[PDB]
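Engineer:
Protein chains: 2
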Amino acid sequence: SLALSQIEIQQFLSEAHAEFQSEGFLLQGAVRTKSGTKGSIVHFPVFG
Amino acid sequence: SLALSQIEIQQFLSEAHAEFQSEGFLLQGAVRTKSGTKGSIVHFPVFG
Numbered sequence: 002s003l004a005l006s007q008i009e010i011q012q013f014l015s016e017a018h019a020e021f022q023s024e025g026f027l028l029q030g031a032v033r034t035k036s037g038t039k040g041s042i043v044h045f046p047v048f049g
Numbered sequence: 002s003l004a005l006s007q008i009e010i011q012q013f014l015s016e017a018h019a020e021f022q023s024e025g026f027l028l029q030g031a032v033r034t035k036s037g038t039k040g041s042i043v044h045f046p047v048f049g
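So the sequences go chain by chain: B and C. The number in the authors' numbering is simply the position in the first sequence, starting from 1, with 1 added. The number in the authors' numbering is simply the position in the second sequence, starting from 1, with 1 added.
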């Protein structure tokens with residue numbers, strides 16, 4: 002019977018799509034970097 | 002005599018030419034494809 006269209010189902014996919022966005026870390030290593038630092042402030046001495 | 006034209010033969014070729022047409026599936030793999038889906042509507046979740 003064509004009445005089967007009354008009990009048609011819908012499928013929801015488990016693979017989600019994240020909206021196109023930047024993943025970041027684009028400027029990693031572009032500047033003088035100090036890793037594993039401790040303390041509230043890191044001081045860079047400068048001479049004229 | 003020229004009556005030999007009444008018993009002339011003809012040649013029929015076995016290789017058939019299909020009219021110039023697209024074979025389709027040109028955009029196969031151009032978009033995100035999910036195979037073996039079910040239902041009348043398929044839903045793709047999206048995150049922000």
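We put the CB at the ideal spot given by N, CA and C, even for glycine.
1. Measure how close the beta-carbons of C:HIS44 and B:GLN12 come, nearest whole angstrom, since I'm counting them as under 8 Å.
2. Using a Cβ-Cβ cut-off of less than 9 Å, give me the residues of the region 22-44 of chain C that come near chain B, in sequence order.
3. Under three-state DSSP, which class holds B:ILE42?
4. Would you verify that the beta carbon of B:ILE10 is, or is not, closer than 8 Å to some beta carbon of chain C?
5. B:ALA17 touches chain C at which residues, Cβ-Cβ below 9 Å?
Structural biologist: With the structure as the only source:
1. Counting from 1 along the second sequence, the entry for residue 44 of chain C is found at position 43. Counting from 1 along the first sequence, the entry for residue 12 of chain B is found at position 11. Correct: roughly 7 Å between the Cβ atoms.
2. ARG33, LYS35, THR38, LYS39, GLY40, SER41, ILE42, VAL43 and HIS44
3. The sequence position of residue 42 of chain B within the first sequence is 41, counting from 1. Three-state DSSP puts B:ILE42 in coil, outside helix and strand.
4. The residue given as residue 10 of chain B occupies position 9 in the first sequence. Interface residue, yes.
5. What you label residue 17 of chain B is simply residue 16 of the first sequence in a count that begins at 1. The answer, in chain order, is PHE45, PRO46, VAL47 and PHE48.
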